[PDB]
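**Student:** Take this structure, written in structure tokens, and hold onto it; I'll ask about it next.
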Amino acid sequence: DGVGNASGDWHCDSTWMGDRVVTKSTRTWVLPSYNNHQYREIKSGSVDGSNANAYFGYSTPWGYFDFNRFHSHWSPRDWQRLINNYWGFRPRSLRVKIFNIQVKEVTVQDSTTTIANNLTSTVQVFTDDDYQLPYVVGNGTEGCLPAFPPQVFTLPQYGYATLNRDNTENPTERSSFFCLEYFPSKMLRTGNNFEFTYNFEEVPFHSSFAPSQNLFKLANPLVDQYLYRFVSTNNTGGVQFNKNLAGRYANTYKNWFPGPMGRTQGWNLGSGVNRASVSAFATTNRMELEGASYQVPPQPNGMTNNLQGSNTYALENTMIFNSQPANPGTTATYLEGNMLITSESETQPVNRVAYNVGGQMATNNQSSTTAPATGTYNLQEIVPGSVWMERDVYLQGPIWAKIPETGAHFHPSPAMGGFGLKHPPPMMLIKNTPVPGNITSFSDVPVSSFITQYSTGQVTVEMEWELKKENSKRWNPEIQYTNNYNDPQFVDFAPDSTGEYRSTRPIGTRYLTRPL
Amino acid sequence: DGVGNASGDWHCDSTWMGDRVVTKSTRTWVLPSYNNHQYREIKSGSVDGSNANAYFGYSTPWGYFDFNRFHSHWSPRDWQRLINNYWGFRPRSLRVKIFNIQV
Amino acid sequence: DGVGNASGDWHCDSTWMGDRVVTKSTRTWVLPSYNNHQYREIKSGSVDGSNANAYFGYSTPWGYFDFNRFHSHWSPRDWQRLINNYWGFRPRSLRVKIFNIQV
């Protein structure tokens with residue numbers, strides 16, 4: 001409509017209506033003109049001793065909007081209300097609006113640096129609906145909307161990696177180039193606005209509960225089994241048997257088995273007592289692809305990193321986060337007090353411990369000449385009758401990941417956590433239109449001289465969630481997340497005297513308990 | 001309409017529908033003020049040893065738009081799809097739009 | 001019908017219609033009288049050093065028709081047209097005719 005008329009209004013709110021909760025979030029963003037209006041080929045050779053580091057790729061003029069973090073949609077008080085009272089939750093609908101656009105021109109004469117409004121300048125916006133572009137949103141990267149509503153943020157620059165030849169910086173014939181300007185886009189002046197709507201596919205609810213029973217202790221404690229086990233051979237080697245007694249969980253027939261495991265090193269925290277002067281990388285867990293060795297830092301699902309009490313943690317099976325945001329490219333060492341370290345101890349009744357060996361199997365054939373022998377195993381994979389619990393979500397953590405298109409997959413739950421989607425919420429791309437500097441003569445060669453410009457505006461995201469209610473018959477009181485501090489010098493989840501937000505603790509979803 | 005309102009949108013695309021293909025191309029252009037608002041008589045005598053070089057003519061303040069090149073309408077991948085699978089091709093219709101003017 | 005009348009005609013062709021392709025294949029076959037009209041018990045012990053080679057079985061007077069190879073339905077040029085232009089393919093329907101018998 002016009003220079004003097006506002007395109008949209010601020011909405012930041014939560015509404016709770018029975019089985020449904022609606023979240024509204026509004027933020028202010030800034031867009032740089034990246035690459036000076038050009039597409040650049042980007043590449044790397046081996047770095048820090050590793051060829052797994054090498055890649056071939058393109059950097060682009062465009063920027064994108066990322067909302068795949070829970071703190072983007074949820075207040076700390078609203079998150080506490082959900083974890084305390086519900087068995088499960090799932091996403092249903094998404095709505096996005098971009099509005100109140102302002103384009104600015106920056107000029108320097110003799111070091112003055114004046115800044116001014118340009119009314120006739122445009123911004124370009126599009127959504128990748130058919131998934132033609134490479135999707136970089138679900139990989140745990142920075143640049144999402146901020147946890148605190150007043151904070152103002154810079155949009156991330158879009159880029160991708162294609163194929164590389166023989167673990168080197170060079171490309172292959174199969175390697176691909178994608179142009180964003182080939183797609184159609186909306187053009188916006190200061191009066192104009194953009195809107196999009198999405199529906200999520202049917203997905204299973206996340207489990208916000210901890211088991212109240214061990215997988216191996218399900219027989220009644222009072223009653224004996226009608227089943228027998230081999231315990232012995234006599235002086236002539238004749239087989240002998242005994243009945244299975246009540247409460248003897250070590251010797252009982254079992255219907256179901258625990259989930260898959262791979263052994264990972266355990267390190268003590270706090271009082272500790274670990275080995276000195278160690279370089280971690282040579283002894284880390286790895287998988288081999290195309291001739292290179294890769295660390296796979298979240299391990300695959302079905303294990304627990306920490307026992308309960310205990311200060312032993314398997315570090316490569318744990319999500320590690322920082323309380324405060326960091327500057328790009330930092331190489332600084334961080335001690336444990338700075339870090340936020342997660343524990344999966346609630347899943348221990350059904351999930352095997354990562355630091356320990358899995359079990360034992362037979363290695364020989366017994367004979368009158370030879371005694372029977374067993375051996376321990378460090379890895380096991382899926383077996384029929386297998387049961388496990390998936391990794392917990394965090395307020396600091398991601399909601400979704402895109403399933404890769406290969407035509408074959410098994411059990412599609414992402415390792416970091418969250419919901420695995422065949423058709424994920426789509427990539428949203430924004431760029432500043434090139435505006436040319438004074439040109440007085442004709443050339444076939446393309447213009448490289450442009451006026452310097454940046455853009456600013458407001459974004460609103462609305463999300464709908466489906467809730468599963470608790471139906472417990474437990475008489476005694478349950479565990480709950482609480483604000484509990486001894487002699488506090490500051491309020492957590494609040495601004496400080498300088499105005500910086502403080503977030504000391506990581507928050508999971510499992511406080512409620514259910515029988516197996 | 002107005003200073004704050006955009007005249008048009010970016011369209012760059014190819015659609016294939018049986019016997020017909022539609023191509024859309026969008027570009028950004030710059031116009032100089034040529035000749036300082038004047039019409040000039042232009043001429044040449046023999047040059048590089050040749051009288052075939054000699055001419056009499058006019059230069060003008062105006063500029064023009066030219067689309068008579070295939071790369072203007074066709075991506076390299078789209079051109080490969082046509083050369084591989086078809087006996088022949090011909091042009092049928094043209095549409096042109098000029099918009100988002102800034103002086 | 002009769003000694004002087006043909007039961008069927010030769011069809012070898014490919015038709016491409018948007019999302020669907022139809023393949024037609026015709027061949028001439030010969031049938032031997034196997035086993036002289038008898039069923040025979042067949043068996044093997046260990047051979048080339050291996051007991052995995054051993055089996056117990058029956059051989060029969062009958063013969064069978066097998067079409068589970070791509071070259072049976074596809075010309076080399078038709079196969080090139082599919083590999084170059086499509087993300088995926090799947091089977092939908094099968095029809096079989098046996099005709100022009102001569103003993």
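A note on labels: chains of the structure tokens are A, B, ... as shown, every chain counts residues from 1, and ligands are counted from 1 in their shown order.
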Quick check: residues of chain C within 9 Å of chain B, only C-alpha atoms, returned as number ranges by chain.
**Tutor:** C: 18, 81, 85
**Student:** Residues as selected, N, CA, C and O atoms, written as a compact mmCIF listing (two decimals), in the first residue's frame, can you do that?
**Tutor:**
# COMPACT_ATOMS: atom_id res chain seq x y z
N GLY C 18 2.85 -40.57 -22.40
CA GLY C 18 2.98 -39.88 -21.09
C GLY C 18 3.62 -40.72 -20.02
O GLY C 18 4.81 -41.02 -20.16
N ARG C 81 16.38 -44.52 -24.04
CA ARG C 81 15.36 -43.46 -23.86
C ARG C 81 14.85 -43.42 -22.41
O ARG C 81 14.71 -42.31 -21.90
N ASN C 85 15.92 -40.14 -19.36
CA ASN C 85 14.83 -39.18 -19.04
C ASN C 85 13.92 -39.40 -17.82
O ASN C 85 13.06 -38.55 -17.63
**Student:** Which residues are close to residue 97 in chain C, i.e. within 12 Å by only C-alpha atoms, leaving aside same-chain residues fewer than 4 positions away? Reply as an MDAnalysis selection string.
**Tutor:** chainID C and resid 7:11 24:27 65 101
**Student:** Would you mind exporting the chosen residues as a tab-separated table (two decimals), in the first residue's frame, restricted to C-alpha atoms?
**Tutor:**
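As a result, result-v1.tsv now contains:
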chain	number	residue	atom	x	y	z
C	7	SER	CA	-4.48	-68.80	-34.92
C	8	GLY	CA	-2.62	-65.42	-34.40
C	9	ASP	CA	-0.39	-62.60	-35.80
C	10	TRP	CA	3.16	-61.22	-35.10
C	11	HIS	CA	3.34	-58.19	-32.76
C	24	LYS	CA	5.02	-56.19	-27.15
C	25	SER	CA	7.39	-59.16	-27.90
C	26	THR	CA	6.88	-62.16	-30.29
C	27	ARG	CA	9.19	-65.25	-30.56
C	65	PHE	CA	8.20	-70.42	-20.60
C	101	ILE	CA	0.95	-74.90	-33.11
**Student:** Leaving out residue 56 in chain B and any residue of its chain fewer than 5 positions from it, which residues lie within 12 Å of it when counting only C-alpha atoms, given as an NGL selection string?
**Tutor:** :B and (40-46)
**Student:** Save the residues we just selected, N, CA and C atoms, as a PDB file, in the first residue's frame?
**Tutor:**
ATOM      1  N   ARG B  40      23.215  12.933 -33.490  1.00  0.00           N
ATOM      2  CA  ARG B  40      24.498  13.304 -34.132  1.00  0.00           C
ATOM      3  C   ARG B  40      24.703  12.639 -35.507  1.00  0.00           C
ATOM      4  N   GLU B  41      25.121  13.423 -36.498  1.00  0.00           N
ATOM      5  CA  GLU B  41      25.490  12.835 -37.809  1.00  0.00           C
ATOM      6  C   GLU B  41      26.829  12.091 -37.680  1.00  0.00           C
ATOM      7  N   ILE B  42      26.892  10.862 -38.171  1.00  0.00           N
ATOM      8  CA  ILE B  42      28.083   9.978 -38.050  1.00  0.00           C
ATOM      9  C   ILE B  42      28.520   9.536 -39.457  1.00  0.00           C
ATOM     10  N   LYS B  43      29.813   9.403 -39.690  1.00  0.00           N
ATOM     11  CA  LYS B  43      30.283   9.077 -41.056  1.00  0.00           C
ATOM     12  C   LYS B  43      31.674   8.443 -41.035  1.00  0.00           C
ATOM     13  N   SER B  44      32.006   7.674 -42.059  1.00  0.00           N
ATOM     14  CA  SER B  44      33.387   7.153 -42.184  1.00  0.00           C
ATOM     15  C   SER B  44      33.925   7.196 -43.621  1.00  0.00           C
ATOM     16  N   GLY B  45      35.213   7.453 -43.806  1.00  0.00           N
ATOM     17  CA  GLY B  45      35.937   7.266 -45.079  1.00  0.00           C
ATOM     18  C   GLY B  45      36.555   5.855 -45.121  1.00  0.00           C
ATOM     19  N   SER B  46      37.412   5.558 -46.088  1.00  0.00           N
ATOM     20  CA  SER B  46      38.118   4.245 -46.205  1.00  0.00           C
ATOM     21  C   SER B  46      39.048   3.965 -45.002  1.00  0.00           C
TER      22      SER B  46
END
**Student:** Could you give me, as a ChimeraX atom specification, each residue of range 55-207 of chain A that DSSP assigns to strand (DSSP E or B) when run on this structure's backbone?
**Tutor:** /A:55-64,66,86-107,114-117,123-127,144,152-154,157-162,185-188,194-199,206-207
**Student:** Specify as a ChimeraX atom specification all residues of chain A found within 12 Å of chain C, counting only C-alpha atoms.
**Tutor:** /A:405-407
**Student:** Would you kindly return, as a VMD selection string, each protein, DNA or RNA residue with an atom no farther than 7 Å from any atom of residue 286 in chain A, considering only C-alpha atoms and excluding same-chain residues fewer than 6 positions away?
**Tutor:** chain A and resid 293 to 296
**Student:** Next, the residues of the selection above should be written as an mmCIF file, in the first residue's frame with C-alpha atoms.
**Tutor:**
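Writing the result to out21.cif gives the following:
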data_model
loop_
_atom_site.group_PDB
_atom_site.id
_atom_site.type_symbol
_atom_site.label_atom_id
_atom_site.label_comp_id
_atom_site.auth_asym_id
_atom_site.auth_seq_id
_atom_site.Cartn_x
_atom_site.Cartn_y
_atom_site.Cartn_z
ATOM 1 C CA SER A 293 37.195 -42.013 8.309
ATOM 2 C CA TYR A 294 34.471 -39.868 9.911
ATOM 3 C CA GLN A 295 33.586 -39.160 13.515
ATOM 4 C CA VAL A 296 29.789 -39.675 13.982
#
